[PDB]
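All remarks here apply to the structure that follows.
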Amino acid sequence: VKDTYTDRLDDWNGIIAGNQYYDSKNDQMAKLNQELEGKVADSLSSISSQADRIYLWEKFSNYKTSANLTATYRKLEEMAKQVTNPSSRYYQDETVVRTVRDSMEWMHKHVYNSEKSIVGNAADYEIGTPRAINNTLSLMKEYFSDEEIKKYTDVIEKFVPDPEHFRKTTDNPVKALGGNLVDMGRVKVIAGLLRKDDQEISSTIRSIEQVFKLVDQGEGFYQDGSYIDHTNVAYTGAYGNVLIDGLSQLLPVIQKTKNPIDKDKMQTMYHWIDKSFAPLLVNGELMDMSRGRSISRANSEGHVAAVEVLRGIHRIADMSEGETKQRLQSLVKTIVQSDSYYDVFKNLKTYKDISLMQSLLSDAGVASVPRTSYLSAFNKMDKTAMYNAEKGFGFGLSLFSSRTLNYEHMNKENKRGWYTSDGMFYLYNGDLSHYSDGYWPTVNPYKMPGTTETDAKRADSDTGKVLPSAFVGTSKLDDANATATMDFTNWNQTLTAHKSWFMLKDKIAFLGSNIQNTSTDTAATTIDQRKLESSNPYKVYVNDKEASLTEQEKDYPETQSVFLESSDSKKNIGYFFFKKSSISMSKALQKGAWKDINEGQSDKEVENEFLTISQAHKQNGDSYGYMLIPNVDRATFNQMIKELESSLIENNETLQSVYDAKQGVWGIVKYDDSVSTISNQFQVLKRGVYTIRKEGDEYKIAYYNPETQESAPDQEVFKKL
Ligand SMILES: CC(=O)N[C@@H]1[C@@H](O[C@@H]2O[C@H](C(=O)O)[C@@H](O[C@@H]3O[C@H](CO)[C@@H](O)[C@H](O[C@@H]4O[C@H](C(=O)O)[C@@H](O[C@@H]5O[C@H](CO)[C@@H](O)[C@H](O[C@@H]6O[C@H](C(=O)O)[C@H](O)[C@H](O)[C@H]6O)[C@H]5NC(C)=O)[C@H](O)[C@H]4O)[C@H]3NC(C)=O)[C@H](O)[C@H]2O)[C@H](O)[C@@H](CO)O[C@H]1O
């Protein structure tokens, strides 16, 4: 029966499927329609038919694994899309309609109703299944009665009664916070419309609006652009995605209800985009260090996961106006055009999204200009992201602290993420595929790049830990220059290290002092473990003389430099050792399967070649010291190592410092309150992290106390001579 609720649901249909927009002459839309035709055909030839059955689809028959509830309903939802699309061969097909109806009823009676309790994992009962049911009913509302729609959604009201709290019917209720708050929103607003219920719509809206508050603790967005979820995990790039994805689908609907959303909170969303998401997006890639356990999914590599954010941003634009619409359109267009590696359209799954993207890409009013340089210090989630537009590389630094969990191993995903936050660094260069094409199941998880570790074996069943120390964070001076440290202790308290990083515009210095080991295991720092491309061989130099690398590890004592030379400058990698160091290197084929790291994934064998560089720490008090210099040619690299010969100022147990004489910049880490005099020009006074620039006779000063999470008045921490 038709009224304002179903007008709203027509708008929902246009957002979730978008059949009104479908155009058979449009190549990209036709491809999506063909994917759905094939899905519906496999479902239809597959389904159990005849006398009453124990399951609908065999491959999804164990109703005690809850992923099979939602997988089952998502098949019915595809049918619904195709049944209401005029260019589908299944358009108003009598078999598809009866099939969706008897299948809704079959599930209602044997698998998913109000007398059921949660078995397996709750997200299925409260979010995934509900959303699939809501979408099915809404697409197909003209084939169900109001009484049937109420029947099929009563279960949604049992598992999710409350605008606010999540899991309430279990023996362990909670606070739906962050992206689950938005996921609840999609569940409840839409059942709300479906059931013709005004209280449920308004109170669910009032309740989603709390997502717009900045927090000081726990889950949500922080004023420095960090995003936290699952209590203490850096999560912008998986749950932050869900929150932007989901809100951006709902808002055109929410804005036409009795209870629209004040347009001053739209300014908070724009801020999330600029402060939180945008710095994480590099050449079309969403940095893995922000994606938690999703890094272990073959179907969600970085460039794919990026699209979830981009389509959310592009939806926000379409409900904005004037200058802000155009600016967000350009943000999206410039990211999509930078990406020579992944085709955006492969993760646009409604016609309306395809349409919005096509028009943005071909509208010459919308500027596509290369992104400018930036440096975001996400102290509130212990991450840093840097990007240099001049030379064209990004850099990601994944830490953790007392305030945050190192890695997330949950629902059998991400089994070997042990060291992904132990000072691991990321380097985004001209190889856009680097962290993709099966990087995660093939990388050696004992040798994560930048980490100092022992070689003990680790168990997959292990879970994440916080760090004993709060002394972890980043002091940002400007968009080119920052410094960080991590007062590092390994997972079983046998190895330590003072690890520090000095971000100096076009290079990063890695310093480590106070390295101590009380285990019987050997210790080492992985300088690099880079995935190679057969199409692009590196020629390797050690001390500026060609080396030939093999499977077997070779030793290179008395090393000042290593240089990885490609035919493409934007893929070059130099390492300059301030003091001669004793290193080892190999190039080897590494194999593994995605199942090895995530129980739900394919067991099919994957392979990639990797080059590993490492430095052994045989004695207590050991030390490392080097400068990563990406994206320059060999002659330029040789010149810079001459410019930098006296750049190391100290690398010991209380003081770590690097000076860039060309910019006039110092990065400095102090572990105690002594008076350190630096380069005969000034003194620093307090334990903490410093980035300092000399401009003529004055000093610009960025000081950060990572433990208290506070800057400080200049005269407490600094004194000119
Ligand atoms: C152990 C325990 O009990 N611990 C509790 C803790 O519980 C845990 O909570 C988390 C959590 O959610 O925070 C759980 O995490 C989730 O686990 C599931 C397991 O299967 C993951 O799948 C899930 O990851 C998400 O899964 C979705 C899914 O497949 O259902 C993904 O779905 C897709 O998302 C798209 C994005 O918008 C969406 O578009 C798409 O639908 C289609 O969209 C179309 C469109 O474009 O419009 C179209 O037209 C279509 O019609 C429409 O179907 C949607 N579905 C599909 C099939 O594609 C989603 O993208 C993916 O991210 C994972 N969550 C995350 C964020 O990764 C964990 O498992 C629980 O154990 C409690 O939370 C805690 C208290 O707070 O206490 C602890 O003790």
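Here's how to read the names in the structure tokens: chain A, B, ... by the order shown, residue numbers from 1 in each chain, ligand numbers from 1 in the order shown.
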| Skipping near chain neighbours, those fewer than 5 positions away, what residues fall within 9 Å of stretch 706-717 of chain A using only C-alpha atoms, listed as a list in words? |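 What passes the distance filter is residues 379, 380, 469, 470, 471, 472, 473, 474, 475, 485, 683, 684, 685, 686, 687, 688, 689 and 701 of chain A.
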| request: Work out how far atom 6 (C, counted along the ligand's line) of ligand 1 is from atom CA of residue A:295, in Å to one decimal. | output: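 Straight-line distance from atom CA of residue A:295 to atom 6 (C, counted along the ligand's line) of ligand 1 works out to 18.5 Å.
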Could you find all residues in stretch 45-171 of chain A that DSSP calls helix (DSSP H, G or I) from the backbone, and write them as a PDB file with N, CA and C atoms, in the first residue's frame?
```pdb
ATOM      1  N   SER A  45      19.996 -22.736 -10.992  1.00  0.00           N
ATOM      2  CA  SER A  45      20.267 -24.116 -11.406  1.00  0.00           C
ATOM      3  C   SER A  45      20.747 -24.983 -10.265  1.00  0.00           C
ATOM      4  N   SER A  46      21.136 -24.335  -9.181  1.00  0.00           N
ATOM      5  CA  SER A  46      21.718 -24.880  -7.968  1.00  0.00           C
ATOM      6  C   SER A  46      20.754 -25.239  -6.791  1.00  0.00           C
ATOM      7  N   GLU A  58      23.519 -26.059  -1.031  1.00  0.00           N
ATOM      8  CA  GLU A  58      24.442 -26.991  -0.392  1.00  0.00           C
ATOM      9  C   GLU A  58      25.767 -26.347   0.075  1.00  0.00           C
ATOM     10  N   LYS A  59      26.368 -25.506  -0.773  1.00  0.00           N
ATOM     11  CA  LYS A  59      27.673 -24.880  -0.434  1.00  0.00           C
ATOM     12  C   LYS A  59      27.532 -23.929   0.781  1.00  0.00           C
ATOM     13  N   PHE A  60      26.286 -23.519   1.067  1.00  0.00           N
ATOM     14  CA  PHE A  60      25.916 -22.732   2.249  1.00  0.00           C
ATOM     15  C   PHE A  60      24.818 -23.449   3.184  1.00  0.00           C
ATOM     16  N   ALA A  67      27.907 -17.249   8.630  1.00  0.00           N
ATOM     17  CA  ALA A  67      28.128 -16.622   7.300  1.00  0.00           C
ATOM     18  C   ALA A  67      27.168 -17.204   6.197  1.00  0.00           C
ATOM     19  N   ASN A  68      26.678 -18.410   6.449  1.00  0.00           N
ATOM     20  CA  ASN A  68      25.736 -19.084   5.553  1.00  0.00           C
ATOM     21  C   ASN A  68      24.307 -18.552   5.628  1.00  0.00           C
ATOM     22  N   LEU A  69      23.875 -17.978   6.742  1.00  0.00           N
ATOM     23  CA  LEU A  69      22.647 -17.225   6.746  1.00  0.00           C
ATOM     24  C   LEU A  69      22.754 -16.033   5.748  1.00  0.00           C
ATOM     25  N   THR A  70      23.824 -15.253   5.835  1.00  0.00           N
ATOM     26  CA  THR A  70      23.788 -14.043   5.065  1.00  0.00           C
ATOM     27  C   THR A  70      24.072 -14.293   3.619  1.00  0.00           C
ATOM     28  N   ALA A  71      24.916 -15.287   3.360  1.00  0.00           N
ATOM     29  CA  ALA A  71      25.205 -15.703   2.016  1.00  0.00           C
ATOM     30  C   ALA A  71      23.947 -16.189   1.271  1.00  0.00           C
ATOM     31  N   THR A  72      23.076 -16.892   2.005  1.00  0.00           N
ATOM     32  CA  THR A  72      21.809 -17.355   1.517  1.00  0.00           C
ATOM     33  C   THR A  72      20.853 -16.176   1.209  1.00  0.00           C
ATOM     34  N   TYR A  73      20.724 -15.249   2.116  1.00  0.00           N
ATOM     35  CA  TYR A  73      19.828 -14.187   1.832  1.00  0.00           C
ATOM     36  C   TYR A  73      20.337 -13.234   0.671  1.00  0.00           C
ATOM     37  N   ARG A  74      21.652 -13.101   0.534  1.00  0.00           N
ATOM     38  CA  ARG A  74      22.316 -12.298  -0.513  1.00  0.00           C
ATOM     39  C   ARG A  74      22.107 -12.883  -1.906  1.00  0.00           C
ATOM     40  N   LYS A  75      21.879 -14.183  -1.962  1.00  0.00           N
ATOM     41  CA  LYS A  75      21.423 -14.790  -3.206  1.00  0.00           C
ATOM     42  C   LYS A  75      20.011 -14.410  -3.577  1.00  0.00           C
ATOM     43  N   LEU A  76      19.144 -14.238  -2.609  1.00  0.00           N
ATOM     44  CA  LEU A  76      17.783 -13.857  -2.838  1.00  0.00           C
ATOM     45  C   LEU A  76      17.763 -12.402  -3.197  1.00  0.00           C
ATOM     46  N   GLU A  77      18.594 -11.602  -2.545  1.00  0.00           N
ATOM     47  CA  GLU A  77      18.723 -10.221  -2.938  1.00  0.00           C
ATOM     48  C   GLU A  77      19.195  -9.992  -4.422  1.00  0.00           C
ATOM     49  N   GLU A  78      20.164 -10.750  -4.928  1.00  0.00           N
ATOM     50  CA  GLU A  78      20.492 -10.685  -6.316  1.00  0.00           C
ATOM     51  C   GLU A  78      19.289 -10.965  -7.218  1.00  0.00           C
ATOM     52  N   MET A  79      18.548 -12.026  -6.910  1.00  0.00           N
ATOM     53  CA  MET A  79      17.309 -12.332  -7.628  1.00  0.00           C
ATOM     54  C   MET A  79      16.373 -11.121  -7.643  1.00  0.00           C
ATOM     55  N   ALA A  80      16.294 -10.451  -6.496  1.00  0.00           N
ATOM     56  CA  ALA A  80      15.392  -9.303  -6.414  1.00  0.00           C
ATOM     57  C   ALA A  80      15.784  -8.164  -7.334  1.00  0.00           C
ATOM     58  N   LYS A  81      17.092  -7.887  -7.395  1.00  0.00           N
ATOM     59  CA  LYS A  81      17.653  -6.888  -8.345  1.00  0.00           C
ATOM     60  C   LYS A  81      17.299  -7.230  -9.799  1.00  0.00           C
ATOM     61  N   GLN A  82      17.527  -8.469 -10.152  1.00  0.00           N
ATOM     62  CA  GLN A  82      17.339  -8.880 -11.490  1.00  0.00           C
ATOM     63  C   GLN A  82      15.858  -8.950 -11.829  1.00  0.00           C
ATOM     64  N   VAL A  83      15.018  -9.322 -10.867  1.00  0.00           N
ATOM     65  CA  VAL A  83      13.568  -9.459 -11.120  1.00  0.00           C
ATOM     66  C   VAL A  83      12.859  -8.073 -11.382  1.00  0.00           C
ATOM     67  N   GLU A  94       8.270 -15.554 -13.570  1.00  0.00           N
ATOM     68  CA  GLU A  94       7.342 -16.179 -12.564  1.00  0.00           C
ATOM     69  C   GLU A  94       8.032 -17.137 -11.583  1.00  0.00           C
ATOM     70  N   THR A  95       9.049 -17.838 -12.071  1.00  0.00           N
ATOM     71  CA  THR A  95       9.927 -18.706 -11.244  1.00  0.00           C
ATOM     72  C   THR A  95      10.787 -17.954 -10.251  1.00  0.00           C
ATOM     73  N   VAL A  96      11.434 -16.856 -10.681  1.00  0.00           N
ATOM     74  CA  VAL A  96      12.230 -16.071  -9.757  1.00  0.00           C
ATOM     75  C   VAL A  96      11.410 -15.445  -8.651  1.00  0.00           C
ATOM     76  N   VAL A  97      10.220 -14.950  -8.971  1.00  0.00           N
ATOM     77  CA  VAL A  97       9.344 -14.317  -7.987  1.00  0.00           C
ATOM     78  C   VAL A  97       8.889 -15.307  -6.902  1.00  0.00           C
ATOM     79  N   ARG A  98       8.474 -16.536  -7.308  1.00  0.00           N
ATOM     80  CA  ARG A  98       7.938 -17.647  -6.450  1.00  0.00           C
ATOM     81  C   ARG A  98       9.142 -18.166  -5.632  1.00  0.00           C
ATOM     82  N   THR A  99      10.290 -18.199  -6.258  1.00  0.00           N
ATOM     83  CA  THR A  99      11.486 -18.654  -5.620  1.00  0.00           C
ATOM     84  C   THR A  99      11.936 -17.718  -4.506  1.00  0.00           C
ATOM     85  N   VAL A 100      11.774 -16.423  -4.705  1.00  0.00           N
ATOM     86  CA  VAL A 100      12.194 -15.519  -3.683  1.00  0.00           C
ATOM     87  C   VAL A 100      11.212 -15.605  -2.569  1.00  0.00           C
ATOM     88  N   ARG A 101       9.948 -15.672  -2.899  1.00  0.00           N
ATOM     89  CA  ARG A 101       8.895 -15.790  -1.878  1.00  0.00           C
ATOM     90  C   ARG A 101       8.947 -17.053  -1.010  1.00  0.00           C
ATOM     91  N   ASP A 102       8.968 -18.251  -1.609  1.00  0.00           N
ATOM     92  CA  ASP A 102       9.088 -19.509  -0.852  1.00  0.00           C
ATOM     93  C   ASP A 102      10.438 -19.580  -0.125  1.00  0.00           C
ATOM     94  N   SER A 103      11.508 -19.052  -0.730  1.00  0.00           N
ATOM     95  CA  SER A 103      12.783 -19.056   0.005  1.00  0.00           C
ATOM     96  C   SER A 103      12.782 -18.140   1.274  1.00  0.00           C
ATOM     97  N   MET A 104      11.999 -17.040   1.252  1.00  0.00           N
ATOM     98  CA  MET A 104      11.952 -16.096   2.389  1.00  0.00           C
ATOM     99  C   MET A 104      11.228 -16.814   3.508  1.00  0.00           C
ATOM    100  N   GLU A 105      10.126 -17.431   3.123  1.00  0.00           N
ATOM    101  CA  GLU A 105       9.285 -18.232   3.999  1.00  0.00           C
ATOM    102  C   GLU A 105      10.047 -19.471   4.543  1.00  0.00           C
ATOM    103  N   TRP A 106      10.651 -20.255   3.660  1.00  0.00           N
ATOM    104  CA  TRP A 106      11.484 -21.345   4.158  1.00  0.00           C
ATOM    105  C   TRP A 106      12.541 -20.930   5.231  1.00  0.00           C
ATOM    106  N   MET A 107      13.292 -19.890   4.941  1.00  0.00           N
ATOM    107  CA  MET A 107      14.241 -19.380   5.946  1.00  0.00           C
ATOM    108  C   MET A 107      13.534 -18.911   7.227  1.00  0.00           C
ATOM    109  N   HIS A 108      12.425 -18.210   7.087  1.00  0.00           N
ATOM    110  CA  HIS A 108      11.699 -17.654   8.229  1.00  0.00           C
ATOM    111  C   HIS A 108      11.359 -18.824   9.164  1.00  0.00           C
ATOM    112  N   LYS A 109      10.918 -19.942   8.595  1.00  0.00           N
ATOM    113  CA  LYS A 109      10.396 -21.036   9.396  1.00  0.00           C
ATOM    114  C   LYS A 109      11.486 -22.008   9.904  1.00  0.00           C
ATOM    115  N   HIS A 110      12.542 -22.257   9.151  1.00  0.00           N
ATOM    116  CA  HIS A 110      13.538 -23.235   9.624  1.00  0.00           C
ATOM    117  C   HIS A 110      14.867 -22.710  10.137  1.00  0.00           C
ATOM    118  N   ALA A 122      27.919 -12.798  15.741  1.00  0.00           N
ATOM    119  CA  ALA A 122      26.708 -11.970  15.808  1.00  0.00           C
ATOM    120  C   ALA A 122      26.444 -10.988  14.638  1.00  0.00           C
ATOM    121  N   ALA A 123      27.504 -10.539  13.963  1.00  0.00           N
ATOM    122  CA  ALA A 123      27.384  -9.559  12.889  1.00  0.00           C
ATOM    123  C   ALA A 123      26.404 -10.070  11.817  1.00  0.00           C
ATOM    124  N   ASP A 124      26.390 -11.394  11.621  1.00  0.00           N
ATOM    125  CA  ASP A 124      25.508 -12.046  10.671  1.00  0.00           C
ATOM    126  C   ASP A 124      24.053 -11.860  11.066  1.00  0.00           C
ATOM    127  N   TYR A 125      23.704 -12.119  12.329  1.00  0.00           N
ATOM    128  CA  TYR A 125      22.299 -12.023  12.820  1.00  0.00           C
ATOM    129  C   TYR A 125      21.724 -10.602  12.959  1.00  0.00           C
ATOM    130  N   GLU A 126      22.592  -9.638  13.140  1.00  0.00           N
ATOM    131  CA  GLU A 126      22.215  -8.299  13.490  1.00  0.00           C
ATOM    132  C   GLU A 126      22.414  -7.310  12.331  1.00  0.00           C
ATOM    133  N   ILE A 127      23.376  -7.561  11.423  1.00  0.00           N
ATOM    134  CA  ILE A 127      23.750  -6.628  10.346  1.00  0.00           C
ATOM    135  C   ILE A 127      23.563  -7.274   8.947  1.00  0.00           C
ATOM    136  N   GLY A 128      24.378  -8.293   8.649  1.00  0.00           N
ATOM    137  CA  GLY A 128      24.477  -8.801   7.275  1.00  0.00           C
ATOM    138  C   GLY A 128      23.152  -9.374   6.758  1.00  0.00           C
ATOM    139  N   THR A 129      22.520 -10.191   7.599  1.00  0.00           N
ATOM    140  CA  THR A 129      21.295 -10.865   7.247  1.00  0.00           C
ATOM    141  C   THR A 129      20.143  -9.865   7.174  1.00  0.00           C
ATOM    142  N   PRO A 130      19.938  -9.076   8.204  1.00  0.00           N
ATOM    143  CA  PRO A 130      18.978  -8.001   8.172  1.00  0.00           C
ATOM    144  C   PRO A 130      19.052  -7.102   6.953  1.00  0.00           C
ATOM    145  N   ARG A 131      20.214  -6.525   6.643  1.00  0.00           N
ATOM    146  CA  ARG A 131      20.431  -5.781   5.418  1.00  0.00           C
ATOM    147  C   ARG A 131      20.081  -6.496   4.142  1.00  0.00           C
ATOM    148  N   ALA A 132      20.413  -7.762   4.055  1.00  0.00           N
ATOM    149  CA  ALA A 132      20.030  -8.500   2.876  1.00  0.00           C
ATOM    150  C   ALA A 132      18.479  -8.701   2.819  1.00  0.00           C
ATOM    151  N   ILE A 133      17.865  -8.949   3.966  1.00  0.00           N
ATOM    152  CA  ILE A 133      16.412  -9.099   4.023  1.00  0.00           C
ATOM    153  C   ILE A 133      15.724  -7.756   3.698  1.00  0.00           C
ATOM    154  N   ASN A 134      16.238  -6.665   4.264  1.00  0.00           N
ATOM    155  CA  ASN A 134      15.614  -5.381   4.032  1.00  0.00           C
ATOM    156  C   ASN A 134      15.700  -5.053   2.549  1.00  0.00           C
ATOM    157  N   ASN A 135      16.829  -5.328   1.951  1.00  0.00           N
ATOM    158  CA  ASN A 135      17.036  -4.985   0.544  1.00  0.00           C
ATOM    159  C   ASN A 135      16.186  -5.806  -0.398  1.00  0.00           C
ATOM    160  N   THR A 136      16.033  -7.084  -0.075  1.00  0.00           N
ATOM    161  CA  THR A 136      15.143  -7.973  -0.807  1.00  0.00           C
ATOM    162  C   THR A 136      13.670  -7.484  -0.795  1.00  0.00           C
ATOM    163  N   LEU A 137      13.157  -7.213   0.371  1.00  0.00           N
ATOM    164  CA  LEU A 137      11.778  -6.738   0.539  1.00  0.00           C
ATOM    165  C   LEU A 137      11.488  -5.430  -0.118  1.00  0.00           C
ATOM    166  N   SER A 138      12.476  -4.561  -0.063  1.00  0.00           N
ATOM    167  CA  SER A 138      12.332  -3.260  -0.583  1.00  0.00           C
ATOM    168  C   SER A 138      12.342  -3.370  -2.069  1.00  0.00           C
ATOM    169  N   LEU A 139      13.285  -4.134  -2.657  1.00  0.00           N
ATOM    170  CA  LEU A 139      13.318  -4.221  -4.109  1.00  0.00           C
ATOM    171  C   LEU A 139      12.020  -4.776  -4.576  1.00  0.00           C
ATOM    172  N   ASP A 146       1.876  -6.004   3.005  1.00  0.00           N
ATOM    173  CA  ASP A 146       2.304  -5.352   4.248  1.00  0.00           C
ATOM    174  C   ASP A 146       2.412  -6.321   5.433  1.00  0.00           C
ATOM    175  N   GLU A 147       1.480  -7.277   5.530  1.00  0.00           N
ATOM    176  CA  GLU A 147       1.485  -8.267   6.583  1.00  0.00           C
ATOM    177  C   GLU A 147       2.685  -9.247   6.449  1.00  0.00           C
ATOM    178  N   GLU A 148       3.040  -9.631   5.218  1.00  0.00           N
ATOM    179  CA  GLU A 148       4.250 -10.450   4.968  1.00  0.00           C
ATOM    180  C   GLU A 148       5.561  -9.690   5.293  1.00  0.00           C
ATOM    181  N   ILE A 149       5.641  -8.439   4.884  1.00  0.00           N
ATOM    182  CA  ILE A 149       6.780  -7.592   5.173  1.00  0.00           C
ATOM    183  C   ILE A 149       7.040  -7.442   6.693  1.00  0.00           C
ATOM    184  N   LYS A 150       5.970  -7.324   7.470  1.00  0.00           N
ATOM    185  CA  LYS A 150       5.991  -7.251   8.938  1.00  0.00           C
ATOM    186  C   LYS A 150       6.402  -8.599   9.520  1.00  0.00           C
ATOM    187  N   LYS A 151       5.860  -9.706   8.975  1.00  0.00           N
ATOM    188  CA  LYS A 151       6.209 -11.084   9.343  1.00  0.00           C
ATOM    189  C   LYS A 151       7.731 -11.279   9.170  1.00  0.00           C
ATOM    190  N   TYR A 152       8.268 -10.939   7.964  1.00  0.00           N
ATOM    191  CA  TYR A 152       9.667 -11.248   7.600  1.00  0.00           C
ATOM    192  C   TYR A 152      10.654 -10.310   8.294  1.00  0.00           C
ATOM    193  N   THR A 153      10.196  -9.149   8.755  1.00  0.00           N
ATOM    194  CA  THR A 153      11.056  -8.264   9.558  1.00  0.00           C
ATOM    195  C   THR A 153      10.868  -8.363  11.114  1.00  0.00           C
ATOM    196  N   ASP A 154       9.951  -9.170  11.657  1.00  0.00           N
ATOM    197  CA  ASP A 154       9.792  -9.206  13.120  1.00  0.00           C
ATOM    198  C   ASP A 154      11.103  -9.640  13.743  1.00  0.00           C
ATOM    199  N   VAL A 155      11.793 -10.605  13.099  1.00  0.00           N
ATOM    200  CA  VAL A 155      13.086 -11.156  13.545  1.00  0.00           C
ATOM    201  C   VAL A 155      14.168 -10.079  13.617  1.00  0.00           C
ATOM    202  N   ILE A 156      14.100  -9.111  12.703  1.00  0.00           N
ATOM    203  CA  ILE A 156      15.053  -7.983  12.711  1.00  0.00           C
ATOM    204  C   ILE A 156      14.841  -7.148  13.984  1.00  0.00           C
ATOM    205  N   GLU A 157      13.586  -6.984  14.384  1.00  0.00           N
ATOM    206  CA  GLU A 157      13.259  -6.257  15.621  1.00  0.00           C
ATOM    207  C   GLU A 157      13.708  -7.012  16.875  1.00  0.00           C
ATOM    208  N   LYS A 158      13.727  -8.347  16.844  1.00  0.00           N
ATOM    209  CA  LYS A 158      14.182  -9.115  17.993  1.00  0.00           C
ATOM    210  C   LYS A 158      15.700  -8.931  18.165  1.00  0.00           C
ATOM    211  N   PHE A 159      16.467  -9.164  17.089  1.00  0.00           N
ATOM    212  CA  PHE A 159      17.958  -9.152  17.159  1.00  0.00           C
ATOM    213  C   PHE A 159      18.601  -7.781  17.283  1.00  0.00           C
TER     214      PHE A 159
END
```
| task | Mind listing the strand (DSSP E or B) residues of stretch 201-386 of chain A, per DSSP on the backbone, as a PyMOL selection string? | result | chain A and resi 220-221+227-229+233-234+281-282+285-286+374-378+383-386
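From atom CA of residue A:178 back to atom CA of residue A:376, the distance works out to 21.4 Å.
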| Counting only C-alpha atoms, what is within 7 Å of residue A:480, bar same-chain residues fewer than 5 positions away, as an NGL selection string? | :A and (374-375 or 504-505)
Export of the given selection (N, CA and C atoms) as a compact mmCIF listing (two decimals), in the first residue's frame:
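Full text of selection-v9.txt as output:
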```txt
# COMPACT_ATOMS: atom_id res chain seq x y z
N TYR A 374 52.07 16.01 1.81
CA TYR A 374 51.40 16.08 3.11
C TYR A 374 52.04 15.08 4.05
N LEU A 375 51.81 15.34 5.34
CA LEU A 375 52.31 14.50 6.39
C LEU A 375 51.33 14.52 7.53
N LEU A 504 62.38 13.47 6.53
CA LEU A 504 63.04 14.72 6.07
C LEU A 504 62.78 15.06 4.60
N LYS A 505 61.50 15.14 4.28
CA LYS A 505 61.04 15.64 2.98
C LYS A 505 61.09 14.56 1.89
```
| request: Excluding residue A:307 and any residue of its chain fewer than 2 positions from it, enumerate the residues within 9 Å of it, using only C-alpha atoms, and give them as a PyMOL selection string. | output: chain A and resi 284-286+303-305+309-312+336+344-348
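Taking only C-alpha atoms and all ligand atoms into account, ligand 1 lies nearest to A:411 out of the set A:584, A:299, A:204, A:411.
Shell of stretch 398-401 of chain A at 7 Å, with only C-alpha atoms counted and residues fewer than 3 places along the chain excluded, is residues 289, 382, 383, 384, 404, 405, 406, 421, 422, 423, 424, 425, 466, 467, 469, 470 and 472 of chain A.
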Selected residues written out with N, CA and C atoms, as a CSV table (one decimal), in the first residue's frame:
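Output (part37.csv):
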```csv
chain,number,residue,atom,x,y,z
A,289,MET,N,48.0,-0.5,6.7
A,289,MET,CA,48.3,-0.4,8.1
A,289,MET,C,47.0,0.2,8.8
A,382,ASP,N,48.5,5.7,16.7
A,382,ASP,CA,50.0,5.4,16.6
A,382,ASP,C,50.4,5.0,15.1
A,383,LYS,N,49.9,5.8,14.1
A,383,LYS,CA,50.3,5.7,12.7
A,383,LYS,C,50.7,7.1,12.2
A,384,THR,N,51.6,7.0,11.1
A,384,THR,CA,52.0,8.2,10.4
A,384,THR,C,52.0,7.9,8.9
A,404,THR,N,47.0,1.2,22.3
A,404,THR,CA,46.6,0.5,21.1
A,404,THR,C,47.1,-0.9,20.9
A,405,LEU,N,46.3,-1.7,20.2
A,405,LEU,CA,46.6,-3.1,19.9
A,405,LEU,C,47.5,-3.2,18.6
A,406,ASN,N,48.5,-4.1,18.7
A,406,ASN,CA,49.5,-4.3,17.6
A,406,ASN,C,48.8,-4.8,16.3
A,421,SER,N,52.8,-4.1,13.3
A,421,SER,CA,52.8,-2.8,14.0
A,421,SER,C,54.1,-2.6,14.9
A,422,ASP,N,55.1,-3.4,14.7
A,422,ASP,CA,56.3,-3.4,15.5
A,422,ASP,C,57.4,-2.4,14.8
A,423,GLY,N,57.0,-1.2,14.4
A,423,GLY,CA,57.8,-0.3,13.6
A,423,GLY,C,57.8,-0.8,12.2
A,424,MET,N,56.7,-1.4,11.7
A,424,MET,CA,56.8,-1.8,10.3
A,424,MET,C,56.7,-0.5,9.4
A,425,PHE,N,57.5,-0.4,8.3
A,425,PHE,CA,57.2,0.7,7.3
A,425,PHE,C,56.7,0.2,6.0
A,466,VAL,N,48.8,-5.0,23.6
A,466,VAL,CA,49.3,-3.7,23.8
A,466,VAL,C,50.8,-3.7,24.1
A,467,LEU,N,51.4,-2.6,23.9
A,467,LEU,CA,52.8,-2.3,24.3
A,467,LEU,C,52.9,-1.9,25.7
A,469,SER,N,55.0,0.2,26.9
A,469,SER,CA,55.3,1.7,26.9
A,469,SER,C,54.3,2.6,26.2
A,470,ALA,N,54.1,3.7,26.9
A,470,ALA,CA,53.4,4.8,26.3
A,470,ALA,C,54.3,5.7,25.4
A,472,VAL,N,55.8,6.6,22.5
A,472,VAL,CA,55.5,6.2,21.1
A,472,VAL,C,54.6,7.3,20.5
```
